[PDB]
Amino acid sequence: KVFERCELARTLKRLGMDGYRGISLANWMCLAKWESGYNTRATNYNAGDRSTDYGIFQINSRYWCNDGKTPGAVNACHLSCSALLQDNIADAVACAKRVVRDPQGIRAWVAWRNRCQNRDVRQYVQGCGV
Ligand SMILES: CC(=O)N[C@@H]1[C@@H](O)[C@H](O[C@@H]2O[C@H](CO)[C@@H](O[C@@H]3O[C@H](CO)[C@@H](O[C@@H]4O[C@H](CO)[C@@H](O)[C@H](O)[C@H]4NC(C)=O)[C@H](O)[C@H]3NC(C)=O)[C@H](O)[C@H]2NC(C)=O)[C@@H](CO)O[C@H]1O
Ligand SMILES: [Cl-]
Ligand SMILES: [Cl-]
């Protein structure tokens, strides 16, 4: 499913992402926007290292979910990567929360550094009622 901006912001707020491990809701919104355009079925194969990025947050198979075909991978979220392609984002959110419990936090996504860090991210949540 492709979420509408404010529909996603309200969903993420109900799922407890606002301020999770110090990350504001607008930062999560900025990340989803640049990673997948708010699309849960998005996938990106990284031919250079044989891993795949899955779902609305483009979570990588080398560390976070199991797809079976990525060499030397682990599955820290304890999920099949298929779980990250559902229209319901509860599993993807639980996984994203796990990602930021590691030391890099939100920096785990290079798109966040390029597109969101030190920017005015209020634009992503303006007028959504969150
Ligand atoms: C070419 C390209 O840009 N590909 C993109 C992917 O790079 C990108 O996904 C991110 O990939 C990075 C790079 O490896 C990955 O970072 C690693 O994350 C693990 C897990 O947190 C780290 O390992 C942990 O380190 C701490 C430090 O002590 C330990 O506490 C813990 O035991 C370690 N766990 C493991 C399993 O090793 C690595 O240190 C870290 N490596 C580096 C170099 O920083 C990110 O997690 C990936 N991010 C996500 C969200 O999956 C992907 C994201 O969209 O985009 C591809 O296109
Ligand atoms: Cl699963
Ligand atoms: Cl699995």
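At position 39 of the sequence shown the residue is numbered 39 (mature numbering (1 follows the signal peptide of the UniProt record, and there is no 0)), and the sequence of numbers has no breaks.
For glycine and all other residues, C-beta sits at the position ideal for the given N, C-alpha and C.
- Taking the CA atoms as reference points, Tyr-63 sits about 31 Å from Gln-123.
- Spatial neighbours of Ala-42 in its own chain (CB-CB distance under 6 Å, excluding positions within 5 residues in sequence) are listed in chain order as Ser-36.
- Unbroken beta strand (DSSP E) runs of no fewer than 3 residues, entirely contained in the stretch 13–91, are found at 43–46, 51–54, following chain order.
- For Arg-119, there is no enclosing alpha helix (DSSP H), since its DSSP letter is neither H nor E.
- Residue pairing for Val-2: DSSP places it in a beta bridge opposite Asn-39.
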